[PDB]
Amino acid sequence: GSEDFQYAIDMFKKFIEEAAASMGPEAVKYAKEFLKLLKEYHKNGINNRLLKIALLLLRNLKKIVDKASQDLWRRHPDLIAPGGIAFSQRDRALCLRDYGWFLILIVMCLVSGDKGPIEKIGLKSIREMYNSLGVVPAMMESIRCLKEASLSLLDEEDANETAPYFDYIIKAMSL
């Protein structure tokens, strides 16, 4: 149980260290602030049922990003054709990396289970990281692909439990 939460924490801390340079100092600030809240929620038994889903998603991060990007590239093959923004090795690697980072941040939102801190803290981290990254090809479409890839690994009730978290970030980022 508590090592399941520590595995979540270890995933989020590894991401923050790895992305610190590329994401905002403000983005790091809000991500660390979110992480502190997740620990407080855990210590007080708050919204505990979301962790089991998040753990499945965290254990399958690369599978999800690969599935979501192959989906993305079949829907928009121009992205990887010659002349495409994701045709080059450097930029395609940057796309897959950035998509994985947005997925990790979305999974942090899921662990909180709470639309308050998601808007006040989680979404600020996502927005600051997007600002620091700059051009992220097919940003909005990639998030819908990450959602459908993530839900494809879930049973029925977990899927309908999880979809509204992807849905809130999708609409919030659409502005």
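From 1 onward, residues are counted along the sequence shown.
As the entry records it, the average C-alpha temperature factor is higher for 33 to 41, out of 33 to 41 and 125 to 133. Look at the mean CA B-factor for 107 to 115 and for 23 to 31 in the entry; the higher one is 23 to 31. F102: CA B factor lies in the lowest third for its chain, per the PDB record.
Sorting the modelled residues of the chain by their CA temperature factor places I143 in the lowest third. Remark: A81 belongs to the highest third of its chain, ranked by C-alpha B-factor as recorded. Compared with the other modelled residues of the chain, the Cα B-factor recorded for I46 ranks in the highest third.
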